[PDB]
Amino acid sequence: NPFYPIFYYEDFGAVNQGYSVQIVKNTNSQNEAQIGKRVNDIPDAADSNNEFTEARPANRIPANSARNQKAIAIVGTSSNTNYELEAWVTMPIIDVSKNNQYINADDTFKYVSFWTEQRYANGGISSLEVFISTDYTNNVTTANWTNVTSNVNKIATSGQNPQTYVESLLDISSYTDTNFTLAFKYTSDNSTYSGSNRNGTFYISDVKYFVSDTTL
């Protein structure tokens, strides 16, 4: 792999470049321009508790074209109103087997790292969950999903680490599927807004698929 240890790392730099969005529920008609929009607020030292330190690769991987990194934002609260949403942000369908030209049989361990943030989320009425499908093609409602939220030690969480990007690390070493789809599911409700009861805005950024010779 010329890009070793990274085999997939897009920039979300244009509409649907490395991601896609499906809005399965929008009961209270939040504007769609606020659901899965691209924003300039990406992790840096000052907004990650100085944990996002390394420089990004100059190019998108594997497209090998100039990187222009953007985050994906989902706004569950606007105008002091809680909007009930089910919004999915799906990653590309990636071959995580050794048939991938960038993955070799001696790459014993495989990981995805990603960064998430919540702003103005309080009370536990919104959440960001992570799922894996190995039969997804183009519709989240026609695929089978396995909830793997419990398999990351940290993810953006209502009431916790406000306005701070936090890193998740997901071990996918046991997967060898040719059509491997990671996805994020945002859910929120429409209970009465207050500073202690609000859906907030969640961010998804810097989803990096990579291998390792030793456990992480």
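One-based numbering along the sequence shown.
Set 93-101 against 68-76 and average the Cα temperature factors; 93-101 ends up higher. The question of which stretch, 44-52 or 187-195, has the higher mean Cα B factor is settled in favour of 44-52. Among 166, 39, 35, 152, the highest C-alpha B-factor recorded in the PDB entry belongs to 152. Among all modelled residues in this chain, the alpha-carbon of residue 174 has a temperature factor (C-alpha) in the highest third. Residue 88: CA B factor in the lowest third of modelled residues in this chain (values from the PDB entry). Among all modelled residues in its chain, residue 145 ranks in the lowest third by Cα B-factor. In the PDB entry, residue 108 places in the highest third of its chain by CA B-factor. Ranked against the other modelled residues of its chain, the C-alpha B-factor of residue 61 as given in the entry falls in the lowest third.
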